[PDB]
Amino acid sequence: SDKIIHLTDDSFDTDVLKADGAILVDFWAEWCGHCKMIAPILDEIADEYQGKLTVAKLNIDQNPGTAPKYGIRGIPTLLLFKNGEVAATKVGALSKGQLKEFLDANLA
């Protein structure tokens with residue numbers, strides 16, 4: 001949880017849209033049960049993908065402003081950004097293996 005950038009509505013443009021390369025963003029809240037499943041999964045991915053992928057987190061309760069701009073209907077939603085632009089999205093939980101697949105499908 002230390003390698004993950006903690007985003008706010010205020011920082012999101014700088015840490016995501018101004019960000020060079022690839023950023024995995026996780027939209028989550030404290031009441032979301034399956035957000036707790038993928039949190040440790042996201043910690044391990046940040047661990048292993050360190051240097052070719054940044055993992056970042058956004059709490060939608062503390063930061064209500066960003067998720068509507070991407071028409072996010074449910075959490076957890078993962079958005080993979082490349083050079084401030086959406087490369088891919090994933091709505092719902094997944095396993096660690098599945099997330100690696102997801103990333104390979106996009107890391108050309």
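Numbers for residues simply follow the sequence, beginning at 1.
The minimum heavy-atom distance linking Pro76 with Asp26 is given by the pair CB-OD1, 3.8 Å. When every heavy atom of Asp15 is checked against every heavy atom of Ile23, the shortest pair comes out as O-CD1, 4.2 Å. The heavy-atom pair separating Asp9 from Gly65 by the smallest distance is OD2-N, 2.8 Å. For the residue pair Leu107 and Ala22, the shortest heavy atom distance occurs at CD2-CB, 4.5 Å. Closest approach of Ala46 to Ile4, counting heavy atoms only: CB-CD1, 3.7 Å. Closest of all the heavy-atom pairs between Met37 and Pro40 is O-CD, 3.3 Å.
By the 4.5 Å heavy-atom criterion applied to side chains, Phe81 and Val86 are counted as neighbours. Looking at heavy atoms from C-beta onward, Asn83 lies in side-chain contact with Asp20 at the 4.5 angstrom threshold. Side chains of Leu103 and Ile45 form a contact here, defined as non-hydrogen atoms less than 4.5 Å apart. Residues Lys36 and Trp28 are not in side-chain contact: their nearest non-hydrogen atoms beyond the backbone lie 4.5 Å or more apart. At a threshold of 4.5 Å between non-hydrogen side-chain atoms, the residues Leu7 and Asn63 do not count as touching. In this structure, the side chains of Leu42 and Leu24 come closer than 4.5 Å at one or more pairs of heavy atoms. Side-chain contact between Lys100 and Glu48 is present, with at least one heavy-atom pair separated by less than 4.5 Å. In this structure, the side chains of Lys3 and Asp43 stay at 4.5 Å or more apart for every pair of heavy atoms.
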### Message
Is there a side-chain contact (heavy atoms from CB on, under 4.5 Å) between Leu78 and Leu99? Walk through the geometry before answering.
### Response
CA-CA 10 Å; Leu78 297 164; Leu99 193 35; 3.8 Å; yes
### Query
Are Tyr49 and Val55 close enough, and set up right, to give a side-chain contact (heavy atoms from CB on, under 4.5 Å), and what steps lead you there?
CA-CA 9 Å; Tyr49 276 70; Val55 188; 5.9 Å; no
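Summarising the local packing, NE2 of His6 is surrounded by more than 12 heavy atoms from other residues, nucleotides or ligands at distances under 6.0 Å. Crowding of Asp10 atom CG: a count of heavy atoms from other residues, nucleotides or ligands under 6.0 Å not exceeding 12.
Both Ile60 and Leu79 belong to a single network of hydrophobic side chains, linked directly or stepwise wherever heavy atoms of I, L, V, M, F, W or Y lie under 4.5 Å apart. In the hydrophobic clustering of ILVMFWY residues, with side-chain heavy atoms under 4.5 Å counting as a link, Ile41 and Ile5 come out apart. In terms of hydrophobic clustering, with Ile, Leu, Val, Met, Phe, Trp and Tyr side chains grouped at heavy-atom distances under 4.5 Å, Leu17 and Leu58 are assigned to a common cluster. Transitive grouping of hydrophobic side chains (ILVMFWY, heavy atoms separated by less than 4.5 Å) keeps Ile72 and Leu80 in distinct clusters. A chain of hydrophobic side-chain contacts below 4.5 Å, direct or via other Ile, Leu, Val, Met, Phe, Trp or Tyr residues, connects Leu53 to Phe102.
Between atom SG of residue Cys32 and atom CD1 of residue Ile38 there is a gap of 7.0 Å, rounded to the nearest 0.5 Å. Going from atom CG of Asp47 over to atom CD of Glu44 covers 7.5 Å, rounded to the nearest 0.5 Å. Atom CD of residue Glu101 and atom CG of residue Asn106 lie 12.0 Å apart, to the nearest 0.5 angstrom.
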